[PDB]
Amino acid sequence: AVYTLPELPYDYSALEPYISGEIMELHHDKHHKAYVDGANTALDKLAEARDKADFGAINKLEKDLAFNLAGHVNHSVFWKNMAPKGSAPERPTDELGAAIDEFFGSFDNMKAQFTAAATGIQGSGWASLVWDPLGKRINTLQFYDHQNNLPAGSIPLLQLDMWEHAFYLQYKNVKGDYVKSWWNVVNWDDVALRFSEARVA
């Protein structure tokens, strides 16, 4: 198909004890697969709509496409943004580190803003550190669901899934503990690479 489910770059239990393998399996094998399948279906439906010149369901198809594709993009980024603690360094280094100090003042400032954005979401959503092509800067955005509350052209660098399915089985309603534990498995090397390729657009 057009979209395919990427494999995890590590074992399902590699992120423990911070993130359980039980969540990783359901999150990847079930939820992410669903978005991939939904994005492919939306495209097939759009294709049939053009062939028959019937765009009656255009509003539905465009939302299906945006919702599912955004879900695929967000999760694909999410998997690579993590790595077992000890494998990747903590705290941004070199160019990324400097850029963070430039646009946020310091790493602690960025972390606090990102955390506030993650825990304050009213509904399902994401906390996202993106590259703004227009302002040539790094900003934090609070996505609603998967596809709402973000400017076009935004390039994701670091994302934290705040949908309840991402943490409920282990942290229950305490989203704060989930965010705190998550900081331990952030793969700053992946975010650094994304930043390198992002700022050239």
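Residue positions are given as counts along the sequence shown, with the first one as 1.
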Review point. On average, which has the higher Cα B-factor in the deposited entry, 191-199 or 1-9?
Key: 191-199
Review point. Comparing 42-50 with 155-163, where is the mean C-alpha B-factor higher?
Key: 42-50
Check your understanding: With respect to the C-alpha temperature factors reported in the PDB entry, which of 79, 103, 126, 131 ranks highest?
Key -> 103
Study note, to complete from the structure: Temperature factor at the Cα of residue 27, chain-ranked in thirds, falls in the lowest
Review point. Split the chain's modelled residues into thirds by Cα B-factor; is residue 110 in the lowest, middle or highest one?
Key: highest
Practice item. Give the position of residue 117 by CA B-factor within its chain, expressed as the lowest, middle or highest third. Key: middle
Practice item. Report the third (lowest, middle or highest) to which the CA temperature factor of residue 175 belongs, ranking only the modelled residues of the same chain. Key: highest
Review point. Ranked by Cα temperature factor within the chain, is residue 73 in the lowest third, the middle third or the highest third?
Key: lowest
